[PDB]
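Only one chain is shown below, in structure tokens, and it's the form deposited in one PDB entry.
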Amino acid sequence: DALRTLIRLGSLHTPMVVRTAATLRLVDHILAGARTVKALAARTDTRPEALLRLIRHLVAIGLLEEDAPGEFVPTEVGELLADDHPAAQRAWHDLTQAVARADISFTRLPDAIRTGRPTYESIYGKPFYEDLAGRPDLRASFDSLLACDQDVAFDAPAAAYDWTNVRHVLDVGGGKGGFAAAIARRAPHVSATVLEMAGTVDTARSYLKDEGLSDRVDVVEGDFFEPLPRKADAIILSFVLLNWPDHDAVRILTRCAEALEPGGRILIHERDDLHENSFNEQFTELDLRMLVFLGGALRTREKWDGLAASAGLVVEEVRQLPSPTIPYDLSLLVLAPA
């Protein structure tokens, strides 16, 4: 049939079961020596009968399976919730850490389609980044999720750009500094500056120090809506612009253009797609998180020309690049003065 296909697609059960299995460290406790439902219940601090009801469903959707009678063991797919796995999917689905917490915003998607405005504040009391400002808790969990891949996520985009005439790089909203770090060990003559918010700057400083790069890369606390701290031959916006509606994203773009030295470029590292090619799960899954968390968006190639020009810029070239960690393709846009 395919009335079972519709029920599967509309199932709230399943993702909530995946996410509670992750929050409870379920797969980790089985691998650590929890053979029985009783031991698993002890380790997770759950009721044995209700845990068995959770594992019924974890078996049905393919994440656990019975080996011996009443003895449950992670499948290939279930093993991906192991906390030491490099894709960190367990963290990304933990209801205590920042991203899965924010997905609760989807419970009010109808509002966001009605208004075009984010849902997050109506649930948690503040807009997304102000919330993180007042919870060191989720500040740190968010930074660690997005930089879970730090050591390799930026190797490819840095390899695809020519750094020969670049003396200084500004990484605007550059996270824990990973993109600055990848450009640095790719191009030894280059120095860099990371601009980020409070919390994230201290964590960026310690990561850069621990890479051996504190002499080549500074971190500066600030606000990319105000003038940028320095001038630069290349300015990076990796996963920033999608957080903001058009007007805000043109303001950020415009501040970057003002900070560009003669001949420099701006590199945008997120995701886009030709309009006709945009009707896919990768583009939609991020575009809609951006709507509901932030009032942001992903933008098509065509829509990027419009934003570029509002900021006195042209889109010069676009490559697509694969993530080394997760099933997802990224885009690197290079923008020049018009």
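Shifts are known only where both forms have a C-alpha. Only the largest set of C-alpha atoms that superpose within 1.5 Å between the two forms is called the rigid core. Numbers follow the displayed sequence, beginning with 1.
One more form of this protein exists, namely the form deposited in another entry; it is left out here, but the text below deals with it.
Shift of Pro324 between the shown form and the other one at or above 2 Å (CA, core fit): Yes; that C-alpha moves by at least 2 Å between the shown form and the other one.
Cα-Cα shift for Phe179 and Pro327, closer or farther in the other form, minimum 3 Å: It is closer: in the other form, the C-alpha atoms of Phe179 and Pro327 lie at least 3 Å nearer than they do here.
Closer or farther: C-alpha pair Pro327/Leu241 in the other form, relative to this form, given a change of 3 Å or more: Those two alpha carbons end up closer in the other form.
Moved runs of 3+ residues, each with a C-alpha displacement of 2 angstroms or more between the shown form and the other one on the rigid core: The segment that shifts (3 or more residues, C-alpha shift of 2 Å or more) is 316-331 alone.
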